[PDB]
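S.K.: Protein chains in written order, with the entry's author numbering: chain C, 212 to 272; chain L, 212 to 272; chain A, 1 to 228, 236 to 268; chain B, 3 to 44, 57 to 139, 149 to 227, 235 to 269; chain I, 1 to 228, 236 to 268; chain K, 3 to 44, 57 to 139, 149 to 227, 235 to 269; chain D, 222 to 268; chain M, 222 to 268.
First, the structure itself, so that you have it in front of you.
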Amino acid sequence: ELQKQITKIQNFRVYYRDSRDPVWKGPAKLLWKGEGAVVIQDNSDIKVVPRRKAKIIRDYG
Amino acid sequence: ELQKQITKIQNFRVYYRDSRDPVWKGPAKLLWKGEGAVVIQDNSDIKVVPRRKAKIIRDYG
Amino acid sequence: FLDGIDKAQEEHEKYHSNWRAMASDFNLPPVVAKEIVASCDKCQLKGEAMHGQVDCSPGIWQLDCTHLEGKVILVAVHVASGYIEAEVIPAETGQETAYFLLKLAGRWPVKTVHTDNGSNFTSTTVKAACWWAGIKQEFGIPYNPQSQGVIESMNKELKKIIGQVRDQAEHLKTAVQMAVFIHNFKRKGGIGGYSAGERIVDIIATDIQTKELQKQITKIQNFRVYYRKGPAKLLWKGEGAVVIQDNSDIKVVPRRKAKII
Amino acid sequence: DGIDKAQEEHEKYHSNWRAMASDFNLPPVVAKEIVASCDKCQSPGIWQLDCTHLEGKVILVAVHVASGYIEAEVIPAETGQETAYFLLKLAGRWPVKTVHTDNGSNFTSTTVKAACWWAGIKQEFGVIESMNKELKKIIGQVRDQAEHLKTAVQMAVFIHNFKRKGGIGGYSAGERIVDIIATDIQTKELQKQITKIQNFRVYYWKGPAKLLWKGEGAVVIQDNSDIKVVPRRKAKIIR
Amino acid sequence: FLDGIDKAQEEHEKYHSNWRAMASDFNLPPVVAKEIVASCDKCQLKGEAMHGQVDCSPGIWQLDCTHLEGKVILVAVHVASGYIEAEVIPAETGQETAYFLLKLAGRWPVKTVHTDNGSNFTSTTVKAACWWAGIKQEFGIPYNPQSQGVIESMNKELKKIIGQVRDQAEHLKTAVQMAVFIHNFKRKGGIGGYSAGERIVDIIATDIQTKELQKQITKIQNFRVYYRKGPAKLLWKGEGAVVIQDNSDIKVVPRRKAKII
Amino acid sequence: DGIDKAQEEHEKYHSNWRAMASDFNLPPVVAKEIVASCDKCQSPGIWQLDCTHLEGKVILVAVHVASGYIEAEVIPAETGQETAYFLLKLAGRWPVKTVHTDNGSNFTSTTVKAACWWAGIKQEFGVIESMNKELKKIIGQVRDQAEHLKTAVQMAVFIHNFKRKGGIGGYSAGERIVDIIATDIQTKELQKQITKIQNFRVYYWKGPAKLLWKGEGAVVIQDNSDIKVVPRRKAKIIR
Amino acid sequence: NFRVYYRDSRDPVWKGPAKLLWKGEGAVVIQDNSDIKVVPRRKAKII
Amino acid sequence: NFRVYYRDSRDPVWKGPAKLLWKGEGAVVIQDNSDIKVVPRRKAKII
DNA sequence: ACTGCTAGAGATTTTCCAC
DNA sequence: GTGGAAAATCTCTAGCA
DNA sequence: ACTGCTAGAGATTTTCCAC
DNA sequence: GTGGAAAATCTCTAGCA
Ligand SMILES: C[C@@H]1CCO[C@H]2Cn3cc(C(=O)NCc4ccc(F)cc4F)c(=O)c(O)c3C(=O)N12
Ligand SMILES: C[C@@H]1CCO[C@H]2Cn3cc(C(=O)NCc4ccc(F)cc4F)c(=O)c(O)c3C(=O)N12
Ligand SMILES: [Mg+2]
Ligand SMILES: [Mg+2]
Ligand SMILES: [Mg+2]
Ligand SMILES: [Mg+2]
Ligand SMILES: [Zn+2]
Ligand SMILES: [Zn+2]
């Protein structure tokens, strides 16, 4: 049911940057993807990254 | 006798850089000055800095 | 030190001393010296020491024109993946760029193109081509190549590869295509240890799949969450936190002080 | 842990490894080995090239038969060099491994052979004809919107690839080709993993067992068509 | 993977793939892929990402020629302190530079001059002037401005200051002298919060005083220290450590395992 | 802590503040106040300019009277503009505060007045003559080594400043001027410190006492010509 | 209100003061005598 | 023994291999076909 | 109301494998 | 629990012209 | 065998002053 | 022992052309 889809979305990985740091942050875990923002979880921390600062991939590793 | 001169020499301050770090290290304490190397004490640590990497000033502060 | 203020103001009008010099030579507090410096129009000669960040959405391509051996190479790069396409065009004209853009939009889902203010990119032909294909046009601040950094970087990379394979082709067009092939499918590294082609396929497929899954979830999962406000749509929950959106303002609140109906 | 349920499900229904891995949370190598353990369980990079004519101009068309994705270009003349250039452009954009051609003089030129050799493409001498008919129909539809034929052809390619939908899932050719290439990438990563682990022998003394998965605190192995799990401490792995 | 080595070698000879691509597409260990890449002459196109450090001894000056409003400005900087002297010279000639160098050596203790390979600096006239004044000449690696970074930086700074005071003079020479004055005695900062003139005076005075004091100490204090070696002349002791100089190799040893006679 | 010994030493010998600070390890402000507390105890930026003539050429000479450091330059003519340019060069190189001139027409020009006003120099209208004679002697000695007179003048300046030693300590003019300017910098830093602390009033209640030193864990103050030390906790400092 | 001093288009001379209309990450939109400009923050100073 | 590939004088083309004669901090002295060159380490690669 | 980045060469920190 | 070694992560620079 | 650096604009960490 | 605030230290970039 809904849980399988939530877990599937959760399986994707997100690389993101903060508003001043130019280095790309590690492979966070996607939780929500929206039209303008993506809600991710990086090291037990939830963040709301603008869509323009996110690269979302299901790494085929 | 000799101790007054040693203390006078020790009053001088030395700014130095390491062989790869481009940032100048803080005001170390001079211990010996030679033709080619300067022996300094920076945070209870004795170092032998090449003369070309040292700025020795008696800060008039 | 009030008289020091006037003395330092005259001293600065003459010599334009920095705040340290005025503070030391007039016993001014650092705030007053900095104010004296900041009131001088002639001493405002340095900008902020930072760099911005370009857009890296899945649908943004950065285009540029580079030159090599007297030829013009039009290069497009997918910002999110590093995937490049390059064509040797006869001249930097609006017609050639519009043709290149229509080709590019026919192969991959181009939503916006970011370019410098070169005459070819600003021509009405490229505007018409983008309008027909539904592409949004972004222009960087004039004479600010950093705004196009990505594509600029790729120029370098592209030329490098050409330098390694120019001896394997009789013409520059073939060498350019060889370089594009090598960059897209023979250079691995980056976010996922990927090639550029693998990375772009992953990016596009992930976009499609996440859109589909999120559409289904929002269709199925329906809740309203109150915290601390109005009818804030529920977005996600778990690990002792609830992420919600209220008036289109996404926020994260602790599981406590939050009720879901 | 959940290997036995997956094996029983495979025996009942003969399901593929993607389904088993998704359902039973197994590493894909284990599911692939489960599928390969049954004796009764035993394209993405293939392109078809043709050159049509329209308004006395030559249109070279490449079709991804697995998806219907189209790449069309108006070329000056049916020349070997130009076909080679088009093929090199195509190979630099998509992972082309095989190309089918109609034995035409341009397609059999030494230049095209050299281009395919450099790009690592194998050459073999009615999807293409139907796709050409559809492309010509779209070109006729949009010809009022373009002064030249090359622009009309590119507009037709765009419309066909992205603004036309159909099939079982109502997808466009672009989505289908992206999905097919993604599946191919997954398959090749899995094959690389299998090749990486196929040169290990594990003793758990029990006979020399093949290695299927080395986890954080477990070692999943196969012996005589029986899949087992053993502790990392109890297992010894060699080349 | 032994056959993979040959397959990857052919693949690299064709496409020049990086070690990641070869390792991924041929199951090669990273060492072998890196070896394959490192054996290709065409793939050696990048140097190490590091910067050297220029000499900063008290007696080294860096000289350069900059241009402004069609005029030639010869600028010298004391590397240790940032103290500058600039003169507008009629032309980039050897005679003018030799005159400037003799003037500079007559005011301050110039022991070394470090310069680019410009024609004026490499002229026999400057060589004769340096020989007479006992100055050693150092030339940076050709077309490597970073070797003269300090003076290059000062050029920037100097011009900046001129931009702030050019309206206060009817000639560029006067503006240059105003800029030199402002830099030397109206801009404070750096290691000691000093200005350039104060810093150079401090550097030179400290050099003289430390030389004198160390001469006295050495004439007075005589000891020989054995550690672990030979008769290593004692240099300093205290805080549980002894600094010694054995065979002109200064070293620091713990107070233990060291005996002084 | 060592203030009383320093005060007694000053009473017996009337020593300066540098000596007391060095000997008794006091902060310089305390020693300066000790010196200023007694009644019985109550130049580095002064230059002399002249224009000599040699071989029908004008040589402008500046002498640091406190040290004998020389700066000479052959100028085209005794003009106000040339003198102003020389003065600006000199002021940009050394901390010039006052200049003594011989009432010559060039030295009294409005251009020189403007240059001195911009550089913050005060103008006043036998060290210079003796130094000119010495410079002419050195120029005569070295004239065989220079084709032109300007080069000979610069060589003479170099020899006089650095290759001639004498006096009580056997020092050169360069060393002497560097030492004098360093002492001037020390004096100005001390004056800045005194100015900074002179606008505090400290209560330790005991009357309003001036502040002399605010140490890490002590406050040294003066009251009615008696220097005392208090802990920071007992002392209250206000502007 | 703010004062912006900027260097806009391959012109080493700095200009200003100008009124700050909008501040973003990496660029600022300013008004300089009825003229609107967009300047990267590297080339602008705001007081 | 080492192989040095270098870019010497405002010439974007890299050269090499060459024999490393001396390695210092920030520069290396190399020999390339009876020709001695001094190259900053930013413009040299040593294997 | 827009925005530096990419990939390679060392160096340093992490993890893995047997003892 | 721990050395060696291999792998992963971090730091830094040139060129884009 | 020789070698990037300087100074200013923000930002972040430290120390000091009274409570 | 602790907030505010001021001061010190750290990070980073343009221009030298
Ligand atoms: C005539 C068009 C329109 C108006 O602007 C000019 C000049 N220009 C200049 C550079 C350039 O300066 N590249 C070097 C560079 C420097 C810094 C950086 F971050 C990135 C970089 F690429 C370009 O790349 C470029 O494409 C152009 C260009 O196209 N035009
Ligand atoms: C004809 C002489 C002799 C042969 O070399 C040329 C060319 N050159 C070029 C620059 C230069 O590129 N400056 C910009 C720059 C770039 C990077 C950096 F780190 C420092 C910098 F200053 C100079 O400054 C310079 O003085 C010269 C020069 O004098 N010459
Ligand atoms: Mg461009
Ligand atoms: Mg460009
Ligand atoms: Mg130069
Ligand atoms: Mg220069
Ligand atoms: Zn100012
Ligand atoms: Zn290669």
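Heads up, the beta-carbon is just placed ideally off N, CA and C, and yes, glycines get one too.
In chain order, what residues of the same chain have a beta carbon less than 7 Å from the beta carbon of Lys258 (chain L), not counting five sequence neighbours either side?
M.R.: Same-chain partners within the cutoff: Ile251.
S.K.: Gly163 (chain K) and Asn184 (chain K) look like a contact to me (Cβ under 8 Å); what is the Cβ gap, rounded to whole Å?
M.R.: 17 Å between Cβ atoms; not a contact.
S.K.: Any heavy atom of ligand 1 within a distance shorter than 7 Å of the CB on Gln146 (chain A)?
M.R.: Yes, the beta carbon of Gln146 (chain A) sits closer than 7 Å to at least one heavy atom of ligand 1.
S.K.: Which of helix, strand or coil does DSSP assign to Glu85 (chain A)?
M.R.: Correct three-state label for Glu85 (chain A): strand.
S.K.: Does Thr206 (chain B) come out as helix, strand or coil in the three-state DSSP assignment?
M.R.: In the structure shown, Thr206 (chain B) sits in a helix (DSSP, three-state: H, G or I).
S.K.: Where does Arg231 (chain L) land, buried or exposed, given buried means 16+ other C-beta within 10 angstroms?
M.R.: That one is exposed.
S.K.: Give a single yes or no on whether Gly237 (chain A) has its beta carbon closer than 7 Å to a heavy atom of ligand 3.
M.R.: Incorrect: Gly237 (chain A) has no Cβ contact closer than 7 Å to ligand 3.
S.K.: Have a look at B:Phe121, B:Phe139, B:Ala248, B:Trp108 and flag the residue whose alpha-carbon is nearest the alpha-carbon of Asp202 (chain B).
M.R.: The residue with the shortest Cα to Cα distance from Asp202 (chain B) is B:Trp108.
S.K.: Under 9 Å Cβ-Cβ, which residues of chain A neighbour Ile191 (chain I)?
M.R.: Near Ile191 (chain I) there are no residues of chain A at all, since even the closest Cβ is about 13 Å away, more than 9 Å.
S.K.: Answer with buried or exposed for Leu2 (chain I), where buried requires no fewer than 16 other C-beta atoms within 10 angstroms of its C-beta.
M.R.: Counting Cβ neighbours within 10 Å, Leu2 (chain I) comes out exposed, since fewer than 16 surround it.
S.K.: Taking 8 Å as the threshold, find out whether the stretch 44-51 of chain I comes into contact with the stretch 84-99 of chain I through three or more Cβ pairs.
M.R.: No, because fewer than three Cβ pairs between the stretch 44-51 of chain I and the stretch 84-99 of chain I fall closer than 8 Å, the two stretches do not touch.
S.K.: Using a Cβ-Cβ cut-off of 7 Å (strictly less than) and excluding sequence neighbours within five positions of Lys7 (chain A), which residues of its own chain qualify?
M.R.: The answer, listed in chain order, is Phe26.
S.K.: Beta-carbon of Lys46 (chain I) versus every beta-carbon of chain M: anything under 8 Å?
M.R.: It does: the Cβ of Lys46 (chain I) has a partner Cβ on chain M nearer than 8 Å.
S.K.: If you measure from each residue's Cβ to the nearest non-hydrogen atom of ligand 8, which ones come out under 7 Å, in chain order?
M.R.: Taking each Cβ in turn, the ones that pass are A:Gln164, I:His12, I:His16, I:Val37, I:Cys40, I:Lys42, I:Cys43.
S.K.: Could you tell me the boundaries of the beta strand (DSSP E) in which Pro238 (chain L) lies?
M.R.: First-last of the beta strand (DSSP E) with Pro238 (chain L): 236-244.
S.K.: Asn120 (chain B) and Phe139 (chain B) - do their beta-carbons sit closer together than 8 Å?
M.R.: Result no, Cβ atoms of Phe139 (chain B) and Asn120 (chain B) do not sit closer than 8 Å.
S.K.: Residues of chain A with CB closer than 8 Å to the CB of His16 (chain I), please, in chain order.
M.R.: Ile161, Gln164, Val165, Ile182, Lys186, listed in chain order.
S.K.: Which whole runs of the alpha helix (DSSP H) in the stretch 160-202 of chain A are 4 residues long or more, in chain order?
M.R.: Whole alpha helix (DSSP H) segments, 4+ residues: 172-185.
S.K.: At a Cβ cut of 7 Å, what residues of the stretch 12-37 of chain I count as close to chain A, listed as they run along the chain?
M.R.: Going along the stretch 12-37 of chain I in chain order, one finds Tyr15, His16, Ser17, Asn18, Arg20, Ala21, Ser24 with a Cβ nearer than 7 Å to chain A.
S.K.: Tell me whether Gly118 (chain I) counts as near ligand 5, meaning its Cβ is closer than 7 Å to at least one heavy atom of that ligand.
M.R.: Indeed, a heavy atom of ligand 5 lies less than 7 Å from the Cβ.
S.K.: Grouping DSSP H, G and I as helix and E and B as strand, with all else coil, what is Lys111 (chain B)?
M.R.: DSSP places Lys111 (chain B) in coil when its eight states are reduced to three.
S.K.: Of the residues K:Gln9, K:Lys236, K:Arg166, K:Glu157, which one's Cα is nearest the Cα of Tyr83 (chain K)?
M.R.: Minimum Cα distance to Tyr83 (chain K) is reached at K:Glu157.
S.K.: Where does the unbroken beta strand (DSSP E) through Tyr227 (chain C) begin, and where does it stop?
M.R.: Looking at the DSSP string, the run of the beta strand (DSSP E) that includes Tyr227 (chain C) is 224-227.
S.K.: Taking 8 Å as the threshold (beta carbon to beta carbon), is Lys236 (chain L) in contact with chain I?
M.R.: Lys236 (chain L) does not count as touching chain I.
S.K.: Taking the beta strand (DSSP E) that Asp64 (chain B) falls in, what are its first and last residues?
M.R.: 60-68 is the extent of the beta strand (DSSP E) around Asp64 (chain B).
S.K.: Verify the contact flag: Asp229 (chain D), CB atom, against every heavy atom of ligand 1, threshold strictly below 7 Å.
M.R.: No - ligand 1 has no heavy atom lying nearer than 7 Å to the Cβ of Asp229 (chain D).
S.K.: Cα separation between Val88 (chain A) and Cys65 (chain A)?
M.R.: C-alpha separation (whole angstroms): 10 Å.
S.K.: Along the chain, where does the beta strand (DSSP E) that runs through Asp256 (chain B) open and close?
M.R.: Its beta strand (DSSP E) spans residues 256-260.
S.K.: Taking the CB atoms as reference points, tell me whether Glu85 (chain K) and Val180 (chain K) lie closer together than 8 Å.
M.R.: Closer than 8 Å, so yes.
S.K.: Is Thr97 (chain I) near ligand 6, with its Cβ less than 7 Å from a heavy atom?
M.R.: Flag unset: Cβ of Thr97 (chain I) not near ligand 6.
S.K.: Could you please tell me which residues of the stretch 241-253 of chain L, in chain order, have their CB closer than 8 Å to any CB of chain K?
M.R.: Residues passing the 8 Å Cβ filter: none.
S.K.: Closest by CA to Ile204 (chain K), which one among I:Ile204, I:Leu104, I:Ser147?
M.R.: Residue I:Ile204 is the option with its Cα nearest to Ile204 (chain K).
S.K.: Assuming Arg224 (chain I) and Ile268 (chain I) form a contact by the criterion Cβ under 8 Å, report the distance between their Cβ atoms to the nearest whole angstrom.
M.R.: Yes, they are in contact, since the Cβ atoms of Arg224 (chain I) and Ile268 (chain I) sit about 6 Å apart, within 8 Å.
S.K.: With C-beta atoms as the reference, is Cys56 (chain A) less than 8 Å away from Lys244 (chain C)?
M.R.: Taking 8 Å as the Cβ cut-off, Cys56 (chain A) and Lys244 (chain C) do not qualify as a contacting pair.
S.K.: Give me the Cα-Cα distance between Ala129 (chain K) and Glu92 (chain I), rounded to the nearest whole angstrom.
M.R.: Spanning the two alpha carbons is a distance of roughly 28 Å.
S.K.: In angstroms, rounded to a whole number, what distance separates the CA positions of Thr206 (chain K) and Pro58 (chain K)?
M.R.: Each residue's Cα considered, the two are about 9 Å apart.
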